[PDB]
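A.B. asks: If it helps, the file is called upload10.pdb and holds PDB, C-alpha atoms and all ligand atoms:
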```
MODEL        1
ATOM      1  CA  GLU N   2       0.000   0.000   0.000  1.00  0.00           C
ATOM      2  CA  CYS N   3       1.648   3.141  -1.428  1.00  0.00           C
ATOM      3  CA  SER N   4       5.030   1.451  -1.667  1.00  0.00           C
ATOM      4  CA  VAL N   5       7.064  -1.050  -3.522  1.00  0.00           C
ATOM      5  CA  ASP N   6      10.173  -2.923  -2.491  1.00  0.00           C
ATOM      6  CA  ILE N   7      12.744  -3.286  -5.333  1.00  0.00           C
ATOM      7  CA  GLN N   8      15.998  -5.253  -5.230  1.00  0.00           C
ATOM      8  CA  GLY N   9      18.920  -4.895  -7.567  1.00  0.00           C
ATOM      9  CA  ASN N  10      21.197  -7.928  -7.380  1.00  0.00           C
ATOM     10  CA  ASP N  11      24.628  -9.260  -8.310  1.00  0.00           C
ATOM     11  CA  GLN N  12      23.190 -10.413 -11.700  1.00  0.00           C
ATOM     12  CA  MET N  13      22.629  -6.905 -12.969  1.00  0.00           C
ATOM     13  CA  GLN N  14      18.827  -7.156 -12.629  1.00  0.00           C
ATOM     14  CA  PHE N  15      15.962  -5.765 -10.603  1.00  0.00           C
ATOM     15  CA  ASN N  16      13.309  -8.020  -9.056  1.00  0.00           C
ATOM     16  CA  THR N  17      10.500  -6.482 -11.143  1.00  0.00           C
ATOM     17  CA  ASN N  18       9.953  -4.826 -14.523  1.00  0.00           C
ATOM     18  CA  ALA N  19       6.696  -3.139 -13.506  1.00  0.00           C
ATOM     19  CA  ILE N  20       5.501  -0.905 -10.675  1.00  0.00           C
ATOM     20  CA  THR N  21       1.949   0.191 -10.058  1.00  0.00           C
ATOM     21  CA  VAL N  22       1.060   3.232  -8.020  1.00  0.00           C
ATOM     22  CA  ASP N  23      -2.484   3.644  -6.773  1.00  0.00           C
ATOM     23  CA  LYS N  24      -4.134   6.992  -7.586  1.00  0.00           C
ATOM     24  CA  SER N  25      -5.440   7.463  -4.042  1.00  0.00           C
ATOM     25  CA  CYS N  26      -1.847   7.482  -2.773  1.00  0.00           C
ATOM     26  CA  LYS N  27      -0.677  10.932  -1.655  1.00  0.00           C
ATOM     27  CA  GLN N  28       2.877   9.743  -1.615  1.00  0.00           C
ATOM     28  CA  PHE N  29       4.567   6.696  -2.960  1.00  0.00           C
ATOM     29  CA  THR N  30       7.699   5.078  -1.530  1.00  0.00           C
ATOM     30  CA  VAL N  31      10.276   2.991  -3.284  1.00  0.00           C
ATOM     31  CA  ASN N  32      12.539   0.858  -1.128  1.00  0.00           C
ATOM     32  CA  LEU N  33      15.706  -0.292  -2.822  1.00  0.00           C
ATOM     33  CA  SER N  34      17.993  -2.952  -1.504  1.00  0.00           C
ATOM     34  CA  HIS N  35      20.977  -4.805  -2.897  1.00  0.00           C
ATOM     35  CA  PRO N  36      21.336  -8.394  -1.776  1.00  0.00           C
ATOM     36  CA  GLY N  37      24.494 -10.212  -2.777  1.00  0.00           C
ATOM     37  CA  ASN N  38      28.128  -9.493  -2.218  1.00  0.00           C
ATOM     38  CA  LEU N  39      29.275  -7.174  -4.974  1.00  0.00           C
ATOM     39  CA  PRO N  40      30.421  -3.623  -4.117  1.00  0.00           C
ATOM     40  CA  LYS N  41      29.084  -0.358  -5.414  1.00  0.00           C
ATOM     41  CA  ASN N  42      31.971   0.419  -7.764  1.00  0.00           C
ATOM     42  CA  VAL N  43      31.524  -2.781  -9.805  1.00  0.00           C
ATOM     43  CA  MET N  44      27.860  -3.657  -9.418  1.00  0.00           C
ATOM     44  CA  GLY N  45      26.269  -0.623  -7.809  1.00  0.00           C
ATOM     45  CA  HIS N  46      22.619   0.137  -8.295  1.00  0.00           C
ATOM     46  CA  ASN N  47      20.233   2.995  -8.032  1.00  0.00           C
ATOM     47  CA  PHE N  48      16.623   3.633  -8.799  1.00  0.00           C
ATOM     48  CA  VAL N  49      15.721   6.555 -11.050  1.00  0.00           C
ATOM     49  CA  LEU N  50      12.310   7.520 -12.296  1.00  0.00           C
ATOM     50  CA  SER N  51      11.529   9.672 -15.293  1.00  0.00           C
ATOM     51  CA  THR N  52       9.280   9.915 -18.274  1.00  0.00           C
ATOM     52  CA  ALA N  53      10.151   7.490 -20.957  1.00  0.00           C
ATOM     53  CA  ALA N  54      11.158  10.330 -23.270  1.00  0.00           C
ATOM     54  CA  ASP N  55      13.637  11.775 -20.740  1.00  0.00           C
ATOM     55  CA  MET N  56      15.187   8.365 -19.910  1.00  0.00           C
ATOM     56  CA  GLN N  57      17.924   8.397 -22.523  1.00  0.00           C
ATOM     57  CA  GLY N  58      19.095  11.843 -21.499  1.00  0.00           C
ATOM     58  CA  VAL N  59      19.104  11.166 -17.779  1.00  0.00           C
ATOM     59  CA  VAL N  60      21.228   8.062 -18.343  1.00  0.00           C
ATOM     60  CA  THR N  61      23.804   9.508 -20.749  1.00  0.00           C
ATOM     61  CA  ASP N  62      24.482  12.357 -18.326  1.00  0.00           C
ATOM     62  CA  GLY N  63      24.517  10.353 -15.108  1.00  0.00           C
ATOM     63  CA  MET N  64      27.200   8.234 -16.785  1.00  0.00           C
ATOM     64  CA  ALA N  65      29.433  11.277 -16.623  1.00  0.00           C
ATOM     65  CA  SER N  66      28.495  13.000 -13.390  1.00  0.00           C
ATOM     66  CA  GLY N  67      30.267   9.921 -12.081  1.00  0.00           C
ATOM     67  CA  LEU N  68      30.218   7.497  -9.190  1.00  0.00           C
ATOM     68  CA  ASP N  69      30.431  10.270  -6.603  1.00  0.00           C
ATOM     69  CA  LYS N  70      27.291  11.819  -7.979  1.00  0.00           C
ATOM     70  CA  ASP N  71      25.404   8.493  -7.918  1.00  0.00           C
ATOM     71  CA  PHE N  72      25.815   8.519 -11.698  1.00  0.00           C
ATOM     72  CA  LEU N  73      23.190  11.239 -11.788  1.00  0.00           C
ATOM     73  CA  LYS N  74      23.575  14.795 -13.030  1.00  0.00           C
ATOM     74  CA  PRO N  75      22.709  17.052 -10.114  1.00  0.00           C
ATOM     75  CA  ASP N  76      19.643  19.281 -10.461  1.00  0.00           C
ATOM     76  CA  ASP N  77      18.150  17.063 -13.167  1.00  0.00           C
ATOM     77  CA  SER N  78      14.634  18.440 -13.495  1.00  0.00           C
ATOM     78  CA  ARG N  79      13.821  15.361 -15.574  1.00  0.00           C
ATOM     79  CA  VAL N  80      14.193  13.050 -12.585  1.00  0.00           C
ATOM     80  CA  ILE N  81      10.958  12.625 -10.709  1.00  0.00           C
ATOM     81  CA  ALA N  82      12.587  10.462  -8.097  1.00  0.00           C
ATOM     82  CA  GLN N  83      15.982   9.018  -7.343  1.00  0.00           C
ATOM     83  CA  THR N  84      17.970   6.999  -4.839  1.00  0.00           C
ATOM     84  CA  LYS N  85      21.627   7.062  -4.103  1.00  0.00           C
ATOM     85  CA  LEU N  86      23.762   4.350  -5.653  1.00  0.00           C
ATOM     86  CA  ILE N  87      24.114   1.349  -3.366  1.00  0.00           C
ATOM     87  CA  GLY N  88      26.203  -1.790  -3.128  1.00  0.00           C
ATOM     88  CA  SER N  89      25.802  -5.187  -1.505  1.00  0.00           C
ATOM     89  CA  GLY N  90      24.253  -5.019   1.968  1.00  0.00           C
ATOM     90  CA  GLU N  91      23.056  -1.440   1.579  1.00  0.00           C
ATOM     91  CA  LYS N  92      19.654   0.136   1.083  1.00  0.00           C
ATOM     92  CA  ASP N  93      18.073   3.411   0.104  1.00  0.00           C
ATOM     93  CA  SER N  94      14.573   4.798  -0.240  1.00  0.00           C
ATOM     94  CA  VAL N  95      12.776   7.546  -1.955  1.00  0.00           C
ATOM     95  CA  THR N  96       9.325   8.947  -1.186  1.00  0.00           C
ATOM     96  CA  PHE N  97       7.646  11.340  -3.586  1.00  0.00           C
ATOM     97  CA  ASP N  98       4.372  13.069  -4.217  1.00  0.00           C
ATOM     98  CA  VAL N  99       2.090  11.167  -6.529  1.00  0.00           C
ATOM     99  CA  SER N 100       0.913  14.535  -7.980  1.00  0.00           C
ATOM    100  CA  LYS N 101       4.317  14.613  -9.683  1.00  0.00           C
ATOM    101  CA  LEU N 102       3.096  11.887 -12.008  1.00  0.00           C
ATOM    102  CA  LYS N 103       1.128  13.666 -14.720  1.00  0.00           C
ATOM    103  CA  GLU N 104      -1.989  11.448 -14.720  1.00  0.00           C
ATOM    104  CA  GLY N 105      -0.933  10.634 -18.291  1.00  0.00           C
ATOM    105  CA  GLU N 106       2.419   8.769 -18.021  1.00  0.00           C
ATOM    106  CA  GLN N 107       4.542   7.386 -19.629  1.00  0.00           C
ATOM    107  CA  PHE N 108       7.054   6.592 -16.885  1.00  0.00           C
ATOM    108  CA  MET N 109      10.063   4.288 -16.667  1.00  0.00           C
ATOM    109  CA  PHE N 110      12.483   3.421 -13.877  1.00  0.00           C
ATOM    110  CA  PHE N 111      16.036   2.352 -14.340  1.00  0.00           C
ATOM    111  CA  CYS N 112      19.536   2.159 -12.960  1.00  0.00           C
ATOM    112  CA  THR N 113      22.175   4.611 -14.282  1.00  0.00           C
ATOM    113  CA  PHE N 114      25.266   2.667 -13.263  1.00  0.00           C
ATOM    114  CA  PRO N 115      27.059   2.423 -16.654  1.00  0.00           C
ATOM    115  CA  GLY N 116      25.792  -0.354 -18.906  1.00  0.00           C
ATOM    116  CA  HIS N 117      23.130  -1.471 -16.478  1.00  0.00           C
ATOM    117  CA  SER N 118      20.110   0.199 -18.048  1.00  0.00           C
ATOM    118  CA  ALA N 119      20.181  -2.492 -20.741  1.00  0.00           C
ATOM    119  CA  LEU N 120      18.808  -4.983 -18.184  1.00  0.00           C
ATOM    120  CA  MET N 121      17.727  -2.724 -15.398  1.00  0.00           C
ATOM    121  CA  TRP N 122      14.647  -0.886 -16.530  1.00  0.00           C
ATOM    122  CA  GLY N 123      10.901  -1.146 -16.097  1.00  0.00           C
ATOM    123  CA  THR N 124       7.589   0.662 -16.287  1.00  0.00           C
ATOM    124  CA  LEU N 125       5.702   2.565 -13.665  1.00  0.00           C
ATOM    125  CA  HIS N 126       2.055   3.225 -14.130  1.00  0.00           C
ATOM    126  CA  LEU N 127      -0.860   4.695 -12.195  1.00  0.00           C
ATOM    127  CA  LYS N 128      -3.887   2.563 -11.315  1.00  0.00           C
TER     128      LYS N 128
HETATM  129 CU    CU N 201      22.631  -1.083 -11.582  1.00  0.00          CU
ENDMDL
END
```
Take the structure I supplied and represent it as structure tokens, if you would.

C.D. replies:
Amino acid sequence: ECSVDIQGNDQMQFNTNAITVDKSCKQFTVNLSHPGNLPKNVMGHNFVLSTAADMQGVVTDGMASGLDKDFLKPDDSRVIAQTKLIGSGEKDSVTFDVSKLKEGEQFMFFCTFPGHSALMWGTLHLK
């Protein structure tokens, strides 16, 4: 209820490709964890939400803002929600206002650690 728990693992994958957010949620929370034993600088993960059309841009630029910036460009107005980059045995969360989701989609989530978005992406939808 108003939350989803997402794992990114040592196999460069998330546990789901699809998130639903109920419309009667004021806020929605994403809880990210990283089971496994690989460290952040070789298999780090984060959770980033944008519109599908902004995805490409957000990724290309995170790639370059580097590891210290969570592979995210700071002040990226295109990012609706984001976590920090985490490694094995770490966690992170992000809570955001569901009004930020223009009742019209289309939204995708993904990891911006370099190369990962090939495997680590999914959809988020209202309802
Ligand atoms: Cu990743």

A.B. asks: What do you get, as number ranges by chain, if you spell out every residue that the PyMOL selection byres (((chain N and resi 116) around 12) and not hetatm) selects here?

C.D. replies: N: 13-14, 43-46, 60-61, 63-64, 72, 111-115, 117-122

A.B. asks: Take atom CA of residue 103 of chain N and atom CA of residue 57 of chain N and report the distance between them in Å, one decimal.

C.D. replies: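 Interatomic distance, atom CA of residue 103 of chain N to atom CA of residue 57 of chain N: 19.3 Å.
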
A.B. asks: Would you work out the distance separating atom CA of residue 96 of chain N from atom CA of residue 2 of chain N, expressed in Å to one decimal?

C.D. replies: 13.0 Å

A.B. asks: Which residues are close to segment 30-33 of chain N, i.e. within 6 Å by all atoms listed in the file, leaving aside same-chain residues fewer than 5 positions away? Reply as a list in words.

C.D. replies: residues 4, 5, 6, 7, 8, 92, 93, 94, 95 and 96 of chain N

A.B. asks: Could you write those residues out with C-alpha atoms, as a short mmCIF file (atom, residue, chain, number, x, y, z; two decimals), in the frame of the given file?

C.D. replies:
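The resulting file, selection.cif, is reproduced below:
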```cif
data_model
loop_
_atom_site.label_atom_id
_atom_site.label_comp_id
_atom_site.auth_asym_id
_atom_site.auth_seq_id
_atom_site.Cartn_x
_atom_site.Cartn_y
_atom_site.Cartn_z
CA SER N 4 5.03 1.45 -1.67
CA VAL N 5 7.06 -1.05 -3.52
CA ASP N 6 10.17 -2.92 -2.49
CA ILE N 7 12.74 -3.29 -5.33
CA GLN N 8 16.00 -5.25 -5.23
CA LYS N 92 19.65 0.14 1.08
CA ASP N 93 18.07 3.41 0.10
CA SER N 94 14.57 4.80 -0.24
CA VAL N 95 12.78 7.55 -1.96
CA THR N 96 9.32 8.95 -1.19
#
```

A.B. asks: How would you write, as a list in words, the residues chosen by the PyMOL selection byres (((chain N and resi 73-75) around 9) and not hetatm) on this structure?

C.D. replies: residues 49, 59, 60, 62, 63, 64, 65, 66, 67, 68, 69, 70, 71, 72, 76, 77, 78, 83, 85, 113 and 114 of chain N

A.B. asks: Report the residues retrieved by the PyMOL selection byres (((chain N and resi 18-23) around 7) and not hetatm) from the displayed file, expressed as a PDB file with C-alpha atoms, keeping the file's coordinate frame.

C.D. replies:
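What follows is the written file result.pdb:
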```pdb
ATOM      1  CA  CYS N   3       1.648   3.141  -1.428  1.00  0.00           C
ATOM      2  CA  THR N  17      10.500  -6.482 -11.143  1.00  0.00           C
ATOM      3  CA  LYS N  24      -4.134   6.992  -7.586  1.00  0.00           C
ATOM      4  CA  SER N  25      -5.440   7.463  -4.042  1.00  0.00           C
ATOM      5  CA  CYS N  26      -1.847   7.482  -2.773  1.00  0.00           C
ATOM      6  CA  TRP N 122      14.647  -0.886 -16.530  1.00  0.00           C
ATOM      7  CA  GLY N 123      10.901  -1.146 -16.097  1.00  0.00           C
ATOM      8  CA  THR N 124       7.589   0.662 -16.287  1.00  0.00           C
ATOM      9  CA  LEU N 125       5.702   2.565 -13.665  1.00  0.00           C
ATOM     10  CA  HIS N 126       2.055   3.225 -14.130  1.00  0.00           C
ATOM     11  CA  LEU N 127      -0.860   4.695 -12.195  1.00  0.00           C
ATOM     12  CA  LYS N 128      -3.887   2.563 -11.315  1.00  0.00           C
TER      13      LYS N 128
END
```

A.B. asks: Could you please determine the separation between atom CA of residue 105 of chain N and atom CA of residue 52 of chain N in Å, to one decimal place?

C.D. replies: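 Straight-line distance from atom CA of residue 105 of chain N to atom CA of residue 52 of chain N works out to 10.2 Å.
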